[PDB]
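Q: Okay, handing you the structure first.
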Amino acid sequence: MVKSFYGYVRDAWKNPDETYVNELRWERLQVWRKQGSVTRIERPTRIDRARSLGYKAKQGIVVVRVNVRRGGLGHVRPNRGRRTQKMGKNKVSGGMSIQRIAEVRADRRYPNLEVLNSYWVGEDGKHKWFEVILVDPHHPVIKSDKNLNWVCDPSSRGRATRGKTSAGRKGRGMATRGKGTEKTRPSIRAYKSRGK
Amino acid sequence: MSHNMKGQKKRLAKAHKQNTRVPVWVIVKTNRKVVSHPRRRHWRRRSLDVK
Amino acid sequence: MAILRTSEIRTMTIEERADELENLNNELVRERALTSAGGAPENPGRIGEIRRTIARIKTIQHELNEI
Amino acid sequence: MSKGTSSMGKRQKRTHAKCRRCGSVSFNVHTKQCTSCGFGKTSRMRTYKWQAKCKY
RNA sequence: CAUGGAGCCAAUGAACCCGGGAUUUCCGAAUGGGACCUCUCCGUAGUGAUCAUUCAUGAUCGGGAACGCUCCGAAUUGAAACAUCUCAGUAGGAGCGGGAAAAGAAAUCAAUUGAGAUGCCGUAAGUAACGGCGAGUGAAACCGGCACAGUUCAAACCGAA
Ligand SMILES: [Mg+2]
Ligand SMILES: [Mg+2]
Ligand SMILES: [Mg+2]
Ligand SMILES: [Mg+2]
Ligand SMILES: [Mg+2]
Ligand SMILES: [Mg+2]
Ligand SMILES: [Mg+2]
Ligand SMILES: [Zn+2]
């Protein structure tokens, strides 16, 4: 088993409760809770995950940690007449996942980049921290980079807000094909939102 | 003596000079087909939408 | 014919262009000053042609990089 | 004193001034927002789908 | 627009139309500070906010008839009442965005053996399915077409090449 060290990082992060990642988790969440909603970091907390998701060690790529509240879409009780099925909102969690929420907040704070992907990095009772990869589509290195130069196209600006990232496509019910995607692909809006 | 700034008095000046009849030669040139415009008004009526 | 053609403005110099602009502004001041009494100009096309001439001279000056 | 013509002579003041961005007399003087174009509240122009009818 | 008086422009080729420039006050994304003041104060002359970077420079901001994508989301009404249902993911809202956008190259659909990305059109079909199994809602595959397109990363091995 001549395995790269990225494999060892992935092994350490496969079951993080029963590895050395638990000690680092207890030491790291103290610093992470104090930080802001969208915090920039030097290196990704899990380098193998970022590299498989598309991170490269070059300028014009930014990695940011985002804190998102745990739980579903907290909603307001309606103050006007509802038919008793559209009146209850405590047991309603929306169609926006927390990963999409974190990606959209990272895209909001960093307007001149694009959200590439993101991955779970840690969590506690009240928060979920996600590390979001962003790309600079106007840096010359990304312009020259042929494996990232698709992002310079006009159709790629606003990926995380048009549901084009991997968490976005998962949330739009496009992880699979065949049966079950009769009302999701090619878009939720195409079938009057009946899928999802 | 309402106390206007410069722009308010400029708007009232334009409103004042809009409130004049069509010239006689315009009526003569147009074969009397242009005899008025909508901006005629009197000060003791509907107030200006100026200030 | 015209007050002064733009080719003649290109023929002129910087000092002569400034002198022509000064004289044209002074004559436009005189023509607009007489109309403050309301009396029509003896040359009613003169005012518009002098303004167009001033525009043409300013265009030539900006083309020649004077200001 | 009445609610009709008696108390309508107190209309010697304003609540809407002529907005800069659109030249309409809709700029509220207390909320600092034009209720026609939304200047003072947003960079974009306020336009809603209920300002016209459903196109079908 | 709109062949009135008096002049002016035009054979140094105007007017007019196409193309390329100049000028383009103040506000407005409005962006040096400020707005019941479309102006005003400081002038040390203005890159306001959020960002990328080699800190040279660069990006986003607003608008656009509808369309596109993402998320949030009623009630009238129908059931001859009405609550599941329907109205309807409609109306409306928030974000993003281009000339198109989304989709997209199987951890697929089939059936005993096959096909070979996606979209859209016809049909399957008011069928399967759902449903106070009430009222109603309601596909896809196969198939016939429009059009045809396949690939790039992570990793193994090398190690600044
Ligand atoms: Mg925030
Ligand atoms: Mg596309
Ligand atoms: Mg509509
Ligand atoms: Mg009924
Ligand atoms: Mg925009
Ligand atoms: Mg795809
Ligand atoms: Mg339905
Ligand atoms: Zn306004």
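We label chains A, B, ... in the order they appear in the structure tokens, count residues from 1 in each chain, and number ligands from 1 in the order shown.
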Using only C-alpha atoms (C1' of nucleotides), determine which residues lie at most 12 Å from residue B:15, disregarding the query and same-chain residues fewer than 5 positions distant; provide the list as an MDAnalysis selection string.
A: chainID B and resid 8:10 20 39:43 47:51
Q: Quick one: which residues from chain E are at most 8 Å off chain B, using only C-alpha atoms (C1' of nucleotides), as a PyMOL selection string?
A: chain E and resi 2+4+37-39
Q: Restricting it to N, CA and C atoms (P, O5', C5', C4', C3', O3' and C1' of nucleotides), dump the selection as a PDB file, in the first residue's frame.
A:
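Writing done, so here's result.pdb:
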```pdb
ATOM      1  P     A E   2     -46.383  69.752 -38.343  1.00  0.00           P
ATOM      2  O5'   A E   2     -45.605  71.053 -38.819  1.00  0.00           O
ATOM      3  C5'   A E   2     -46.285  72.123 -39.462  1.00  0.00           C
ATOM      4  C4'   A E   2     -45.561  73.429 -39.264  1.00  0.00           C
ATOM      5  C3'   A E   2     -44.043  73.325 -39.261  1.00  0.00           C
ATOM      6  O3'   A E   2     -43.479  74.515 -39.814  1.00  0.00           O
ATOM      7  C1'   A E   2     -44.779  74.128 -37.165  1.00  0.00           C
ATOM      8  P     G E   4     -46.123  79.864 -43.931  1.00  0.00           P
ATOM      9  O5'   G E   4     -46.015  81.121 -42.972  1.00  0.00           O
ATOM     10  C5'   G E   4     -45.150  82.195 -43.286  1.00  0.00           C
ATOM     11  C4'   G E   4     -45.308  83.309 -42.291  1.00  0.00           C
ATOM     12  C3'   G E   4     -44.207  84.352 -42.292  1.00  0.00           C
ATOM     13  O3'   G E   4     -44.411  85.339 -43.289  1.00  0.00           O
ATOM     14  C1'   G E   4     -44.603  83.629 -40.084  1.00  0.00           C
ATOM     15  P     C E  37     -35.060  68.308  -0.398  1.00  0.00           P
ATOM     16  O5'   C E  37     -33.971  69.453  -0.574  1.00  0.00           O
ATOM     17  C5'   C E  37     -34.349  70.776  -0.929  1.00  0.00           C
ATOM     18  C4'   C E  37     -33.178  71.719  -0.861  1.00  0.00           C
ATOM     19  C3'   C E  37     -31.947  71.276  -1.645  1.00  0.00           C
ATOM     20  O3'   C E  37     -31.270  72.417  -2.158  1.00  0.00           O
ATOM     21  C1'   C E  37     -31.374  71.548   0.609  1.00  0.00           C
ATOM     22  P     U E  38     -31.309  72.777  -3.719  1.00  0.00           P
ATOM     23  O5'   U E  38     -31.079  71.399  -4.475  1.00  0.00           O
ATOM     24  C5'   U E  38     -31.218  71.336  -5.883  1.00  0.00           C
ATOM     25  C4'   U E  38     -30.402  70.223  -6.480  1.00  0.00           C
ATOM     26  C3'   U E  38     -30.131  70.349  -7.971  1.00  0.00           C
ATOM     27  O3'   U E  38     -28.973  71.133  -8.227  1.00  0.00           O
ATOM     28  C1'   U E  38     -30.913  68.161  -7.471  1.00  0.00           C
ATOM     29  P     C E  39     -28.943  72.337  -9.295  1.00  0.00           P
ATOM     30  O5'   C E  39     -28.746  73.630  -8.389  1.00  0.00           O
ATOM     31  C5'   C E  39     -27.537  73.860  -7.680  1.00  0.00           C
ATOM     32  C4'   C E  39     -27.736  73.721  -6.196  1.00  0.00           C
ATOM     33  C3'   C E  39     -26.530  74.020  -5.324  1.00  0.00           C
ATOM     34  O3'   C E  39     -26.325  75.404  -5.118  1.00  0.00           O
ATOM     35  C1'   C E  39     -27.540  72.014  -4.605  1.00  0.00           C
TER      36        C E  39
END
```
Q: Quick check for you: according to DSSP on this backbone, which residues of chain C are classed as helix (DSSP H, G or I)? Reply as number ranges by chain.
A: C: 6-11, 14-37, 44-63
Q: Output as a ChimeraX atom specification the set of chain A residues within 6 Å of chain E, with distances taken over only C-alpha atoms (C1' of nucleotides).
A: /A:52,110-112,158,161-163,178,186,193
Q: Taking only C-alpha atoms (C1' of nucleotides) into account and nothing else, which residues of chain D lie no more than 7 Å away from chain E? Please answer as a VMD selection string.
A: chain D and resid 17 20 to 21 29 43 to 44
Q: Using N, CA and C atoms, can you write the selected residues to a file as a CSV table (one decimal), in the first residue's frame?
A:
```csv
chain,number,residue,atom,x,y,z
D,17,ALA,N,-41.0,65.4,-0.4
D,17,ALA,CA,-40.2,66.4,-1.2
D,17,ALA,C,-39.9,65.8,-2.6
D,20,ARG,N,-34.4,63.5,-5.8
D,20,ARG,CA,-33.3,63.7,-6.7
D,20,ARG,C,-33.4,62.8,-7.9
D,21,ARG,N,-33.4,61.5,-7.6
D,21,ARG,CA,-33.1,60.4,-8.6
D,21,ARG,C,-34.1,60.4,-9.7
D,29,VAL,N,-39.9,62.8,3.8
D,29,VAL,CA,-39.0,63.6,4.6
D,29,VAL,C,-38.6,63.1,5.9
D,43,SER,N,-29.9,50.9,-4.1
D,43,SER,CA,-29.2,51.4,-5.3
D,43,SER,C,-30.1,51.1,-6.5
D,44,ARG,N,-30.7,50.0,-6.6
D,44,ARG,CA,-31.6,49.6,-7.7
D,44,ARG,C,-32.9,50.5,-7.6
```
Q: Select the residues contacting ligand 7 at a distance of at most 12 Å, based on only C-alpha atoms (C1' of nucleotides) and all ligand atoms, then format the selection as a ChimeraX atom specification.
A: /A:183,191-195 /E:85-90,130,136-139
Q: Using C-alpha atoms (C1' of nucleotides), can you export the residues from the last selection as a PDB file, in the first residue's frame?
A:
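The resulting file, again_31.pdb, is shown below:
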```
ATOM      1  CA  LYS A 183     -39.192  16.438 -12.273  1.00  0.00           C
ATOM      2  CA  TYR A 191     -41.306  21.567 -14.032  1.00  0.00           C
ATOM      3  CA  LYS A 192     -42.925  24.303 -11.912  1.00  0.00           C
ATOM      4  CA  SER A 193     -40.826  23.232  -8.906  1.00  0.00           C
ATOM      5  CA  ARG A 194     -42.694  19.923  -8.660  1.00  0.00           C
ATOM      6  CA  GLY A 195     -39.483  18.002  -8.222  1.00  0.00           C
TER       7      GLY A 195
ATOM      8  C1'   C E  85     -57.017  17.790  -1.430  1.00  0.00           C
ATOM      9  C1'   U E  86     -57.636  21.653  -5.260  1.00  0.00           C
ATOM     10  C1'   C E  87     -56.770  26.830  -6.482  1.00  0.00           C
ATOM     11  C1'   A E  88     -50.951  25.994  -6.916  1.00  0.00           C
ATOM     12  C1'   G E  89     -45.401  25.789  -6.261  1.00  0.00           C
ATOM     13  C1'   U E  90     -49.930  29.666  -9.050  1.00  0.00           C
ATOM     14  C1'   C E 130     -51.982   9.619  -6.075  1.00  0.00           C
ATOM     15  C1'   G E 136     -59.563  16.504  -9.011  1.00  0.00           C
ATOM     16  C1'   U E 137     -54.132  15.985  -9.814  1.00  0.00           C
ATOM     17  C1'   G E 138     -50.987  13.032 -12.972  1.00  0.00           C
ATOM     18  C1'   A E 139     -45.816  11.141 -15.344  1.00  0.00           C
TER      19        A E 139
END
```
Q: D:45, D:25, D:1, D:52: which is nearest chain B, counting only C-alpha atoms?
A: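 Distance minimum relative to chain B lands on D:25.
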Q: Dump the neighbourhood of ligand 1 as a PyMOL selection string: all residues within 8 Å, distances computed on only C-alpha atoms (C1' of nucleotides) and all ligand atoms.
A: chain A and resi 37-38+105+109
Q: How would you report the residues lying within 8 Å of ligand 8, as a ChimeraX atom specification, if you count only C-alpha atoms (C1' of nucleotides) and all ligand atoms?
A: /D:18-27,33-39
Q: Mind writing the picked residues with C-alpha atoms as a short mmCIF file (atom, residue, chain, number, x, y, z; two decimals), in the first residue's frame?
A:
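Output file part.cif is given in full below:
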```cif
data_model
loop_
_atom_site.label_atom_id
_atom_site.label_comp_id
_atom_site.auth_asym_id
_atom_site.auth_seq_id
_atom_site.Cartn_x
_atom_site.Cartn_y
_atom_site.Cartn_z
CA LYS D 18 -39.14 66.25 -4.82
CA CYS D 19 -36.73 63.30 -5.04
CA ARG D 20 -33.35 63.74 -6.70
CA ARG D 21 -33.10 60.45 -8.56
CA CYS D 22 -36.44 60.63 -10.40
CA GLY D 23 -37.72 64.20 -10.05
CA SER D 24 -40.99 62.97 -8.58
CA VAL D 25 -42.53 64.45 -5.44
CA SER D 26 -42.33 61.20 -3.53
CA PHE D 27 -39.27 61.54 -1.29
CA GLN D 33 -36.86 57.18 0.96
CA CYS D 34 -38.65 57.96 -2.29
CA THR D 35 -41.78 55.83 -2.47
CA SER D 36 -41.76 55.83 -6.29
CA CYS D 37 -38.16 54.89 -7.13
CA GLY D 38 -36.74 53.89 -3.75
CA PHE D 39 -33.84 56.34 -3.66
#
```
Q: Please report as CSV every residue of chain C lying within 12 Å of chain E, along with the nearest atom pair and their distance in Å (one decimal), using only C-alpha atoms (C1' of nucleotides).
A:
```
residue,atom,partner,partner_atom,distance
C:1,CA,E:9,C1',8.2
C:2,CA,E:9,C1',7.2
C:3,CA,E:9,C1',10.0
C:4,CA,E:12,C1',11.0
C:5,CA,E:12,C1',8.2
C:6,CA,E:12,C1',10.1
C:7,CA,E:12,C1',8.5
C:8,CA,E:12,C1',10.0
C:40,CA,E:6,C1',8.9
C:41,CA,E:7,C1',8.8
C:42,CA,E:7,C1',7.7
C:43,CA,E:7,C1',5.4
C:44,CA,E:7,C1',5.1
C:45,CA,E:8,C1',4.1
C:46,CA,E:8,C1',6.5
C:47,CA,E:8,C1',9.0
C:48,CA,E:8,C1',7.9
C:49,CA,E:8,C1',6.8
C:50,CA,E:8,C1',10.1
C:51,CA,E:8,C1',12.0
C:52,CA,E:9,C1',10.6
C:53,CA,E:9,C1',11.6
C:55,CA,E:23,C1',9.0
C:56,CA,E:22,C1',10.4
C:57,CA,E:22,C1',11.8
C:58,CA,E:23,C1',9.1
C:59,CA,E:22,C1',6.5
C:60,CA,E:22,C1',9.2
C:61,CA,E:22,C1',10.4
C:62,CA,E:22,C1',7.6
C:63,CA,E:22,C1',7.6
C:64,CA,E:22,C1',11.3
C:65,CA,E:22,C1',11.7
```
Q: Please provide as a PyMOL selection string all residues within 8 Å of residue C:54, with the sequence filter that same-chain residues fewer than 5 positions apart are discarded (counting only C-alpha atoms (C1' of nucleotides)).
A: chain C and resi 21+24-25
Q: Could you please extract the residues within 7 Å of ligand 3, counting only C-alpha atoms (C1' of nucleotides) and all ligand atoms, and hand them back as a JSON list (two decimals) with N, CA and C atoms, in the first residue's frame?
A:
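Final output, saved to pocket-v6.json:
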```json
[["chain", "number", "residue", "atom", "x", "y", "z"],
["D", 54, "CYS", "N", -50.69, 40.33, -14.21],
["D", 54, "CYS", "CA", -50.12, 39.06, -14.66],
["D", 54, "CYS", "C", -50.28, 38.92, -16.16],
["D", 55, "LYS", "N", -49.19, 38.59, -16.84],
["D", 55, "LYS", "CA", -49.19, 38.54, -18.30],
["D", 55, "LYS", "C", -49.65, 37.17, -18.79],
["D", 56, "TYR", "N", -50.90, 36.85, -18.45],
["D", 56, "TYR", "CA", -51.61, 35.69, -18.99],
["D", 56, "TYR", "C", -53.07, 35.76, -18.55]]
```
Q: 12 Å from ligand 6 is the threshold here; counting only C-alpha atoms (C1' of nucleotides) and all ligand atoms, which polymer residues fall inside it? Answer as number ranges by chain.
A: A: 163-166, 168-170, 174-177, 185-187; E: 102-105, 117-118
Q: With only C-alpha atoms (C1' of nucleotides) and all ligand atoms counted and 12 Å as the cut-off, give the residues of chain E in contact with ligand 4, each with its shortest interatomic distance in Å and the pair that gives it, as a tab-separated table.
A:
```
residue	atom	partner	partner_atom_place_in_ligand_line	distance
E:76	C1'	ligand 4	1 (Mg)	10.9
E:77	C1'	ligand 4	1 (Mg)	7.0
E:78	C1'	ligand 4	1 (Mg)	5.1
E:79	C1'	ligand 4	1 (Mg)	5.4
E:80	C1'	ligand 4	1 (Mg)	6.8
E:81	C1'	ligand 4	1 (Mg)	7.3
E:82	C1'	ligand 4	1 (Mg)	7.8
E:85	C1'	ligand 4	1 (Mg)	11.7
E:86	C1'	ligand 4	1 (Mg)	9.5
E:87	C1'	ligand 4	1 (Mg)	10.4
E:135	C1'	ligand 4	1 (Mg)	9.5
```
Q: With N, CA, C and O atoms (P, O5', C5', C4', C3', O3' and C1' of nucleotides) retained, export the selected residues as a PDB file, in the first residue's frame.
A:
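This is the output file result27.pdb:
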```pdb
ATOM      1  P     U E  76     -59.477  30.666   1.055  1.00  0.00           P
ATOM      2  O5'   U E  76     -60.058  31.499  -0.167  1.00  0.00           O
ATOM      3  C5'   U E  76     -60.800  32.677   0.083  1.00  0.00           C
ATOM      4  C4'   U E  76     -61.020  33.510  -1.151  1.00  0.00           C
ATOM      5  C3'   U E  76     -62.034  32.994  -2.143  1.00  0.00           C
ATOM      6  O3'   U E  76     -63.373  33.155  -1.708  1.00  0.00           O
ATOM      7  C1'   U E  76     -60.169  33.866  -3.289  1.00  0.00           C
ATOM      8  P     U E  77     -64.364  31.893  -1.624  1.00  0.00           P
ATOM      9  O5'   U E  77     -64.093  31.099  -2.969  1.00  0.00           O
ATOM     10  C5'   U E  77     -64.448  31.670  -4.212  1.00  0.00           C
ATOM     11  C4'   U E  77     -63.821  30.934  -5.363  1.00  0.00           C
ATOM     12  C3'   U E  77     -64.279  29.506  -5.543  1.00  0.00           C
ATOM     13  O3'   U E  77     -65.542  29.418  -6.161  1.00  0.00           O
ATOM     14  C1'   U E  77     -61.941  29.594  -5.731  1.00  0.00           C
ATOM     15  P     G E  78     -66.540  28.236  -5.776  1.00  0.00           P
ATOM     16  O5'   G E  78     -65.766  26.950  -6.278  1.00  0.00           O
ATOM     17  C5'   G E  78     -65.657  26.650  -7.659  1.00  0.00           C
ATOM     18  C4'   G E  78     -65.176  25.240  -7.879  1.00  0.00           C
ATOM     19  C3'   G E  78     -65.825  24.174  -7.016  1.00  0.00           C
ATOM     20  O3'   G E  78     -67.084  23.772  -7.506  1.00  0.00           O
ATOM     21  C1'   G E  78     -63.503  23.896  -6.956  1.00  0.00           C
ATOM     22  P     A E  79     -68.255  23.411  -6.486  1.00  0.00           P
ATOM     23  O5'   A E  79     -67.730  22.086  -5.782  1.00  0.00           O
ATOM     24  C5'   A E  79     -67.551  20.897  -6.531  1.00  0.00           C
ATOM     25  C4'   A E  79     -66.861  19.821  -5.734  1.00  0.00           C
ATOM     26  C3'   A E  79     -67.553  19.373  -4.458  1.00  0.00           C
ATOM     27  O3'   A E  79     -68.572  18.422  -4.714  1.00  0.00           O
ATOM     28  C1'   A E  79     -65.255  19.750  -4.033  1.00  0.00           C
ATOM     29  P     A E  80     -69.615  17.980  -3.580  1.00  0.00           P
ATOM     30  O5'   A E  80     -70.535  19.252  -3.364  1.00  0.00           O
ATOM     31  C5'   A E  80     -71.313  19.785  -4.425  1.00  0.00           C
ATOM     32  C4'   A E  80     -70.952  21.220  -4.676  1.00  0.00           C
ATOM     33  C3'   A E  80     -71.093  22.150  -3.463  1.00  0.00           C
ATOM     34  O3'   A E  80     -69.981  23.033  -3.351  1.00  0.00           O
ATOM     35  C1'   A E  80     -72.299  23.007  -5.306  1.00  0.00           C
ATOM     36  P     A E  81     -69.005  22.962  -2.076  1.00  0.00           P
ATOM     37  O5'   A E  81     -69.919  23.314  -0.824  1.00  0.00           O
ATOM     38  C5'   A E  81     -70.244  24.652  -0.478  1.00  0.00           C
ATOM     39  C4'   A E  81     -70.447  24.800   1.008  1.00  0.00           C
ATOM     40  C3'   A E  81     -69.192  24.849   1.858  1.00  0.00           C
ATOM     41  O3'   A E  81     -68.556  26.114   1.856  1.00  0.00           O
ATOM     42  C1'   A E  81     -70.720  23.348   2.825  1.00  0.00           C
ATOM     43  P     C E  82     -67.025  26.247   1.396  1.00  0.00           P
ATOM     44  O5'   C E  82     -66.238  25.345   2.429  1.00  0.00           O
ATOM     45  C5'   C E  82     -66.185  25.691   3.802  1.00  0.00           C
ATOM     46  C4'   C E  82     -65.490  24.632   4.616  1.00  0.00           C
ATOM     47  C3'   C E  82     -64.128  24.186   4.112  1.00  0.00           C
ATOM     48  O3'   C E  82     -63.095  25.041   4.567  1.00  0.00           O
ATOM     49  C1'   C E  82     -65.466  22.296   4.533  1.00  0.00           C
ATOM     50  P     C E  85     -52.945  18.940   1.803  1.00  0.00           P
ATOM     51  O5'   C E  85     -53.891  18.577   0.580  1.00  0.00           O
ATOM     52  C5'   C E  85     -53.664  17.409  -0.186  1.00  0.00           C
ATOM     53  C4'   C E  85     -54.774  17.175  -1.174  1.00  0.00           C
ATOM     54  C3'   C E  85     -54.865  18.167  -2.312  1.00  0.00           C
ATOM     55  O3'   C E  85     -53.915  17.927  -3.332  1.00  0.00           O
ATOM     56  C1'   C E  85     -57.017  17.790  -1.430  1.00  0.00           C
ATOM     57  P     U E  86     -53.180  19.151  -4.061  1.00  0.00           P
ATOM     58  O5'   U E  86     -54.349  19.906  -4.824  1.00  0.00           O
ATOM     59  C5'   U E  86     -55.051  19.285  -5.889  1.00  0.00           C
ATOM     60  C4'   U E  86     -56.221  20.128  -6.321  1.00  0.00           C
ATOM     61  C3'   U E  86     -55.873  21.512  -6.839  1.00  0.00           C
ATOM     62  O3'   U E  86     -55.566  21.492  -8.218  1.00  0.00           O
ATOM     63  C1'   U E  86     -57.636  21.653  -5.260  1.00  0.00           C
ATOM     64  P     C E  87     -54.496  22.512  -8.816  1.00  0.00           P
ATOM     65  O5'   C E  87     -55.079  23.937  -8.422  1.00  0.00           O
ATOM     66  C5'   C E  87     -56.170  24.492  -9.139  1.00  0.00           C
ATOM     67  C4'   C E  87     -56.582  25.832  -8.588  1.00  0.00           C
ATOM     68  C3'   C E  87     -55.486  26.869  -8.464  1.00  0.00           C
ATOM     69  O3'   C E  87     -55.214  27.508  -9.695  1.00  0.00           O
ATOM     70  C1'   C E  87     -56.770  26.830  -6.482  1.00  0.00           C
ATOM     71  P     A E 135     -65.177  11.716  -8.180  1.00  0.00           P
ATOM     72  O5'   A E 135     -64.952  13.283  -8.268  1.00  0.00           O
ATOM     73  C5'   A E 135     -66.028  14.192  -8.101  1.00  0.00           C
ATOM     74  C4'   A E 135     -65.538  15.586  -7.800  1.00  0.00           C
ATOM     75  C3'   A E 135     -64.475  16.139  -8.735  1.00  0.00           C
ATOM     76  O3'   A E 135     -65.006  16.656  -9.941  1.00  0.00           O
ATOM     77  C1'   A E 135     -63.781  16.460  -6.520  1.00  0.00           C
TER      78        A E 135
END
```
